[PDB]
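>>> As they sit in the full assembly, here are the leading chains:
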Amino acid sequence: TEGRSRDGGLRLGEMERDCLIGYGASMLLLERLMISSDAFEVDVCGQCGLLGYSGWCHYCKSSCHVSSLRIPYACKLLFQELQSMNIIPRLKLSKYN
Amino acid sequence: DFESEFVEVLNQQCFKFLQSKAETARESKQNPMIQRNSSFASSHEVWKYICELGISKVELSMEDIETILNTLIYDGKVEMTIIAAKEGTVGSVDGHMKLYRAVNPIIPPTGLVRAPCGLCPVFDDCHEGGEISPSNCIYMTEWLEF
Amino acid sequence: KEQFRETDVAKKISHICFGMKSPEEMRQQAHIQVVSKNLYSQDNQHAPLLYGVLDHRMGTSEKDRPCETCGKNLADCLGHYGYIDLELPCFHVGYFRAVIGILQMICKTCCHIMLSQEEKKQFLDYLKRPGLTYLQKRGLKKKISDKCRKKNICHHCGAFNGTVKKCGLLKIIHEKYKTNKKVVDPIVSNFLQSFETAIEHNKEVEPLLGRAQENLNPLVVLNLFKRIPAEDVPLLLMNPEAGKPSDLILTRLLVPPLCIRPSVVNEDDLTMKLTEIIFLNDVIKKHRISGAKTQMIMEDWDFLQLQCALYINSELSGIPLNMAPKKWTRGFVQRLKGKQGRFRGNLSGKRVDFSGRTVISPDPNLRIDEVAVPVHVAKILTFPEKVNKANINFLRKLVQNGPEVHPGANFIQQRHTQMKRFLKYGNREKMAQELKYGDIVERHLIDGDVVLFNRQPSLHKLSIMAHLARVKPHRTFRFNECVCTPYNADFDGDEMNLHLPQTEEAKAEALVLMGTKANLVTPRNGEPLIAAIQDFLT
Amino acid sequence: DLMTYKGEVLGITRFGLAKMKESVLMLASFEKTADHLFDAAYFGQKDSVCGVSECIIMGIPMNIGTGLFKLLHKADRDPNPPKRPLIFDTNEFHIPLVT
Amino acid sequence: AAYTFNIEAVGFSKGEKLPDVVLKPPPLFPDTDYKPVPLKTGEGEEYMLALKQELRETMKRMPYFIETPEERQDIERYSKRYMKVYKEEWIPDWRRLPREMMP
Amino acid sequence: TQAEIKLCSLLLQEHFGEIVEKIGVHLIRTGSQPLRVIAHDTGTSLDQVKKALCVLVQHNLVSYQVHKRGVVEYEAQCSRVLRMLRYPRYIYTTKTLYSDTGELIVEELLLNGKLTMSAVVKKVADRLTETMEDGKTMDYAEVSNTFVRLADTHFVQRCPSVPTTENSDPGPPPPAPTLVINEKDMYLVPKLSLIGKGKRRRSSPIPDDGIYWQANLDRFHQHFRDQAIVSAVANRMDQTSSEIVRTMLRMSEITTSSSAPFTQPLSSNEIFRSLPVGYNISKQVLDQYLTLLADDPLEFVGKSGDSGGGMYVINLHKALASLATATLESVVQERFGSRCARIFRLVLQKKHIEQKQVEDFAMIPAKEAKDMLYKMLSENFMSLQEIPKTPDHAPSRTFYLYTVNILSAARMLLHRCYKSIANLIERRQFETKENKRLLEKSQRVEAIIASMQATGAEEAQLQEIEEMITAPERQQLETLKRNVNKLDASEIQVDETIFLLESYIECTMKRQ
Amino acid sequence: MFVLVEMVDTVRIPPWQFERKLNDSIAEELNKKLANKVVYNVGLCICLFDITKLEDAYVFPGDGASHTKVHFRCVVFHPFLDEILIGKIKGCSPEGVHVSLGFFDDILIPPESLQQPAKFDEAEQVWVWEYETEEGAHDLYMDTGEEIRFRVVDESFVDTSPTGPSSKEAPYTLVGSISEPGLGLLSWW
């Protein structure tokens, strides 16, 4: 949350992101802006690219292409504000090698 | 409107007076140049029979039926030709005279209305894999039984 | 007996491919149909209507009443969609500048594209090359519309194709029957004389028929776009595997789940706009049955184009005065743009935890790579120390001290479990004798931890460095005054931030890359910044 | 050299950056956030996740800095090991029957 | 409750008779007042219906109907010569066809 | 044209297969392609592209032209594949003007695409050995006698033939040899002295090399053009006024082109001669008809001349406009009612009209007509003009004029038909997919009857056919066949709705 | 009756197993995920036969474990069609003869493919066989499980996958026949 009265916590701004890139710290930028805010997992269908639930892709009516992806939560918020806008963010996943 | 349930019987009344006159020309079978002229009815003559039947107390006036006779064109059932007023019992139009003959429709109805896809209100939403498919349709499966 | 199944299906993202859905793939994604306009029932149960917006078959937005589609709480469910049907088609407010761009390049009689044959052979071979970038796709539609708008007769049917331009808020005109001072053409003569019926009962038709053009509506451009040939769709620069030209006009509208719109904001701005769309689905439908005039149908249908446009983007330019909003509502666009949007407020920079902010004060008895963290902050900011062979006898004592004595632990966590036992309750000398190899002790911040150290206007990269914390009892952050030059701090009521990393990799990237002993020079020209300051030069 | 590598002097505006950078998220996380989204929806434009500002949004680690090389593990292992011999199905004992 | 837009701009100048709110959604198949025209019958219309079944039974058996190539058969045996689906092979006129298509 | 691409993937599926439609539909969908990028943009092997194009160039469904660097690019024809649905309508209409010999000549040309005159008279002699008995053989001579009469009435035309390589471009071989069509010998048959007898299927050096014959699918359309116009004249006046239109059009066969608003005008002095002798009609009664058909505001015919007595022409494009008018109004009456079709004919004649004049001119009240006005704009049958008062274009300061556009409603109504046929094919291929259990069960019990039918066939296999449990199952198989007879017959009858629409769209396109 | 099946995988080796050789630790982990399990199109996977190619062992960011790609051949029980085995009896039912094959238990010998003199039991679960001279209608397939001989004429796979959101039927079936001369108990021949 926002402020001291709400037990808020501090903000990695738009400019302190620009300073961690200058050091080349990649995993520290990952730990500050993904893991210690809003780490989350999503059922991503690799076939069509949409988002499923509990292994059940209601689009394809099948359960053989769902998969789990490490994502921030404010991106999963973004990928469903945009499907309501009819701007469909179809993903395509591959193996993590 | 004048009345909805009053004009629905005059649509049934004028065409029977316009078809049987052509049938008396059709059963005449003398000369198709004259059989065509024996098919046209006068615009004043068609007024003289409908007022004689005595269906309603209100007057079926001449200025009213002249607008009622346009509806039989719009069902594709009669024509209308305007000729010059050379001779007639009245000649209600100055220098002109209107004629009426009943006709058949031009073609038999097309093959699209014989299909269940043609008359359906949810025609646009039907597709292969989803809910509304022809594989699980009520409109066909009712129509294919009888 | 039992069939194989892959246990942990982890995959990496490769490429994000935008697009759009057809209005019969929206039916395949959602679960219910939304027909009711009213949010809550008339009784005291605070339960929403069972076929409207805020239905709990579309995800949950509170812990109290769980969802209905998958029976889980707020902390588990991803959210599920619903759809609204429209009895009249409408434009989508984003695609409207590309609805005009297609009607400039295709005909409006045969729906084919307006190019000669040698011109069609050139671009369809230009789009075959590998490595085709997004710049080389945007520049090509500029060149094709330079060729299509110079031609006004079709090479396939032969109809006249005048220009296509905007004539108001979401209205498209088409100059098919423009007139000139020259000899009257046969195609402009026949249209301008077939007005004989309308002039008979209406006198004002005669002055106003000099401006009569083909006003295009969503009912026409839905019909025109279903007949575009799919050999000529890629010369509209649309990708045919991400959307159709029939999809740019919406006849069915998805609603977001309740994870997108909270229950107590009471209701969100995008909830209140979905009430006004469903209500104007039943006002327009009422005037179709009860026989209103066309000047009331085209009036109420102007609202449905508007109430879907402000639903998406609530800062339009050319709204008439009788239809402008009185109060300000957030559309989908205004919660994507700006400083408090997604891309500047919640994605590129976001509020973190394991942080601290306190007034600073000087101390030269520390080294140049140290920082004095107070005891009140060091008891709160913890680090997950994984138990292994080296630190087991150290972490047993740090568990046995507890959450109050300073070298202690606030939590404990077992090997394959995801819960945390708060270490104040229960006996701690039993939980210290039951530690296994692989449990996680969350010990207090102690002497030697790597912690970052930030001042809030961060100009260059030495405005954030990593120091080695050393706990001291007083209530400030404290560091040697040789480090007042990189941060530009001055100790006059000045506050600085703190960030404790939580992973070992984040420790090692903070200690080697971002150390104070490894950043003694600025990257600008190579001059030293951590050096002597006043009272160390005098 | 960043301003002049496409034969034209491009600015550091939102118009010079819209000719240098290709990623839709990098274009739309800076200025004119909505128009790039509808344009990438229209063109069907696929985007890569190779750049920096769209690795931070997607939560994958960036390619610059410490994310440019991969660490292997020096395991005591035998690649392409000695296999087990097939006894029954060899080539010299199973000439097929048909001509 | 008043909304963002003006209801008076929409209509409703009397102040009453708002349209009703739908509780249960409409079904997938709304019933129609009218039915399709029945088929055109006769001895001349029926023979076209008979030959159309005699084309699916004929054109599937033609050598143009290229059947999909089989694969991943298990092993060889002696019951293969009895089950070999025999079908003659047609050669085209290569004077018409391009050179680029010989088998 | 998303409906045409879905239908072409069905017509190539039942008639040609699964691994051949991937090559044909992809040329309708994408465009002109060399052979190597067809396999890359589909994913098939290079051998299957050699098999799937040689069948599609056999039946003339794909064409080709030479380009830069000698590459060979193909191009499928969308309208030519959609006419594979009218194959039973092409075999039946040659059974009228020609005998059962000529019925099987075109049926060999349509199923095989291209044949030689040496081969087509063989199979018609072969396949008619079953239709005769008692030693009577079908000879090669009279089949050719029907074949040369087919070329006289233009139902069979020569293919665009290969040129002579010894006269044009000798030397290295070109990849695509640039085939070309001649104007003289489209119907000039080669002479044949060869005769013979057909084989009865007992199961126990070429003169016309390069001269290939294919079916003229345009002439059957010109033959179906006449029967639509004549029957439209037939229903209005009389059978006697019907034959006069049939008299001119049979004379107007060989003298006008496929797209002409006006044919060559006929003089009545030779109309009386070519009129059949079994009609009790004088030359004066002949001049009675020809002046009253021009008086009809349908205007099937025109005068267009004065020399040589009575000079008379017949319209073609105005007649197809009247046919597309009766097509566009017979679909309103069956979907929205009879009273709704009263309004669509009103706005058709009174070209631009408002709400107040419709309820007056048709005697349909308020709140009964406004439902039937609004459901036609929603189904794209009627359009608005919206003449403004101001350039603000506000709905409170303008008029709304209802206006029927025929041509935009003629393409849309045709687009409804292409999806309508494909939905019929999907229903038939659904009930046959889910019931291959029952048809194999009807196959096996008849295989006991079929296999060992006469050779060593005892009578102890006739009563064991109905012994299987299929005997109460026969109620569903009769329900399956009565569906197919209503699906495939409705599948043919929509082509009548297509052809009246397809001829009206073809005559208004200039192709400039 | 055993065949080989070649697959690929990515094997996570946790860092508490680095003291042991990689090839001795890959083979244990693959048997913890494939043994006594029917991979869908290939049959019942008994165990690993050999590992044929072992690529490099990446360490991905965010983990200490090493992930390596493994090419390997697994011995799999999959008989070809009409292979004649020897099998035992567990019990009988009106649905058919339930034949055990050691590790595997779901074999169908249906009454539609039993021997011709006896086809329907006398409301006894145990199946019968009638011969005129000796043992008339009182022969029985004994529940003690003597060895029979049969012929697997039909095999069929079913996709046993979760349908619906996640918060026992056999995916490997087998249908045989006994009607041939020489198929049945070994005591008869």
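It's in. Numbering: from 1, shown residues only, chains lettered A, B, ... in the order given.

>>> can you give me the helices in chain E?
For chain E, the helices defined by DSSP state H occupy E:7-10, E:43-59.

>>> what does the first one rub up against?
By that I understand helix E:7-10. Here helix E:7-10 makes contact (Cβ atoms under 8 Å, 6 or more residues apart in numbering or on different chains) with C:280, C:283, C:299-300, C:303, C:322-323. C-beta coordinates here come from the backbone N, C-alpha and C atoms, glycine included.

>>> okay, among the residues you listed, which ones form the most distant pair?
Using Cβ to Cβ, the two most remote members of the contacts of helix E:7-10 are C:283 and C:322, lying 16.1 Å apart.

>>> more crowded one of those two?
residue C:283 (19 against 13; other Cβ atoms under 10 Å in any protein chain shown).

>>> is the helix or strand harbouring the more buried one up against chain F anywhere?
Assessed by DSSP states H and E, residue C:283 sits inside helix C:269-289. Yes. Helix C:269-289 lies within reach of chain F by Cβ under 8 Å from any Cβ of the partner chain, at C:288-289.

>>> For residue 95, list the residues it contacts.
This is for chain A. C:11-12, G:10.

>>> wrong one, I was asking about chain E
By Cβ under 8 Å, 6+ apart, the neighbours of residue E:95 are F:162, F:177, F:210.

>>> residues of the helix holding residue C:283 that come out buried?
Of the residues in helix C:269-289, C:269-284, C:286-288 count as buried by neighbour count, 16 or more other Cβ atoms under 10 Å in any protein chain shown.

>>> burial of residue 75, as a residue count?
In the absence of a named chain, chain A is used. For residue A:75, using other Cβ under 10 Å, the count is 21.

>>> you looked at the wrong chain, it should be chain E
By other Cβ under 10 Å, neighbour count at residue E:75 equals 8.

>>> thought it was touching residue G:78?
No. The criterion here is Cβ atoms under 8 Å, and residue E:75 misses it with residue G:78 at 11.6 Å.

>>> how many neighbours does residue E:10 have?
For residue E:10, using other Cβ under 10 Å, the count is 21.

>>> For the residue nearest in space to the middle of chain E, which residues are in contact?
Residue closest to the mean C-alpha point of chain E, counted by Cα atoms, centre = their mean, is residue E:56 at 15.1 Å. Contact partners of residue E:56, counting by Cβ under 8 Å, 6+ apart, are residue F:14.

>>> put DNA strand H onto that model:
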DNA sequence: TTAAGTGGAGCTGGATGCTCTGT
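This next block brings in DNA strand H, placed alongside the chains you saw above:
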């Protein structure tokens, strides 16, 4: 005489720093 390619003028839509600390 006019078709057409290119100048100049007005309209339009976008943007304008980072956080905590309280009412």
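
>>> same question on the buried residues of helix C:269-289, but with DNA strand H included?
In helix C:269-289, the ones that count as buried by 16+ other Cβ under 10 Å are C:269-284, C:286-288.

>>> anything in that helix near chain B?
No. On the criterion Cβ under 8 Å from any Cβ, helix C:269-289 is out of touch with chain B, staying 13.7 Å away.

>>> Pull the distance from that helix to the chain's centre.
Remark: helix C:269-289 is offset 26 Å from the chain centroid, using Cα atoms, centre = their mean, to the nearest Å.

>>> can you tell me if it touches chain E.
Yes. With Cβ under 8 Å from any Cβ as the criterion, chain E is reached by helix C:269-289 at C:272-273, C:275-276, C:279-280, C:282-283, C:285-287.

>>> Does that helix pack against any helices or strands, and if so which?
Helix C:269-289 is packed against strand C:82-91, helix C:294-312, helix F:369-377, with contacts defined by 3 or more Cβ pairs under 8 Å, 6 or more residues apart in numbering or on different chains; DSSP states H and E.

>>> Report the angle between the last one and strand C:82-91.
Inter-element angle recorded for helix F:369-377 and strand C:82-91: 90 degrees (by axes from the mean of the first three to the mean of the last three Cα atoms, to 10 degrees).

>>> So what are the sheet partners of the helix or strand following helix F:369-377 and their directions?
Following helix F:369-377 in sequence order, the next helix or strand is strand F:383-384 (DSSP H and E). Applying DSSP bridges, strand F:383-384 is found paired with strand F:402-403 (antiparallel).

>>> tell me which parts of chain E are close to chain C?
So chain E meets chain C at E:3-6, E:9-11, E:19-26 (Cβ under 8 Å from any Cβ).

>>> filter the residues you listed to the buried ones?
E:4-5, E:10, E:19, E:22.

>>> How many neighbouring residues does residue D:15 have?
10.

>>> same deal with the one 5 residues further on?
Number of residues near residue D:20 (other Cβ under 10 Å) recorded here: 16.

>>> wait, what's in contact with it?
Contacts of residue D:20 (Cβ under 8 Å, 6+ apart): D:2, D:6, D:10.

>>> Where does the second one sit: helix, strand or coil?
It refers to residue D:6. What DSSP: H, G, I helix; E, B strand; the rest coil gives for residue D:6 is coil.

>>> now swap in the first one and tell me
Secondary structure of residue D:2, reduced to three states by three-state DSSP: coil.

>>> following sequence is DNA strand I, add it:
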DNA sequence: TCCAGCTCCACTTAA
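If we add DNA strand I to the chains shown above, we get the following:
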């Protein structure tokens, strides 16, 4: 409060 694109309209050359 400041600044690039988009569209309308006169202004010469050329046939």
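
>>> again for the contacts of residue A:95, DNA strand I present now?
C:11-12, G:10.

>>> rerun that using 10 Å as the cut-off
Contacts here follow Cβ atoms under 10 Å, 6 or more residues apart in numbering or on different chains; on that basis residue A:95 touches A:46, A:67, C:9-12, C:14, G:8, G:10, G:69.

>>> Tell me the buried residues within the residues you listed.
Among the contacts of residue A:95, those classed as buried by 16+ other Cβ under 10 Å are A:46, A:67, C:9-11, G:69.

>>> which of the residues you listed are close to DNA strand H?
Among the buried ones among the contacts of residue A:95, no residue is within reach of DNA strand H (Cβ under 7 Å from any atom of the strand).

>>> Keep only those of the residues you listed that are in helices.
Per DSSP H, the subset of the buried ones among the contacts of residue A:95 in helices is empty.

>>> Closest one to chain B out of these, please.
residue A:46 (19.1 Å; Cβ to the nearest Cβ).

>>> So the closest one versus residue G:9, what's the distance?
Look at residue A:46 and residue G:9: by Cβ to Cβ, to the nearest Å, they are 17 Å apart.

>>> With residue B:105 instead?
In terms of Cβ to Cβ, residue B:105 sits 74 Å off from residue G:9.

>>> how about the CA coordinates for the stretch of helix or strand residue B:11 belongs to, as CSV?
Take DSSP H and E as the rule and residue B:11 turns out to sit in helix B:4-26. The C-alpha coordinates for helix B:4-26 follow below in CSV (Å, rounded to 0.1, in the frame of the first residue of the first chain):
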residue,chain,number,x,y,z
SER,B,4,-56.3,-2.6,-39.5
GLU,B,5,-59.1,-5.2,-39.3
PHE,B,6,-61.2,-3.4,-41.9
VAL,B,7,-58.6,-3.3,-44.7
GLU,B,8,-57.6,-6.9,-44.2
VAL,B,9,-60.9,-8.1,-45.7
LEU,B,10,-60.9,-5.6,-48.6
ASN,B,11,-57.5,-7.1,-49.6
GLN,B,12,-59.4,-10.4,-49.8
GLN,B,13,-62.4,-8.8,-51.7
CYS,B,14,-60.9,-6.8,-54.5
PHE,B,15,-58.7,-9.5,-55.9
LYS,B,16,-61.5,-12.0,-56.2
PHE,B,17,-63.3,-9.3,-58.2
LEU,B,18,-60.2,-8.8,-60.3
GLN,B,19,-59.3,-12.4,-60.9
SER,B,20,-62.7,-13.8,-62.0
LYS,B,21,-63.0,-10.9,-64.5
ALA,B,22,-59.8,-12.2,-66.0
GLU,B,23,-61.2,-15.7,-65.8
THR,B,24,-64.2,-14.7,-67.8
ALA,B,25,-61.6,-13.4,-70.3
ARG,B,26,-59.6,-16.6,-69.9
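
>>> Thanks again, I'm all set now.
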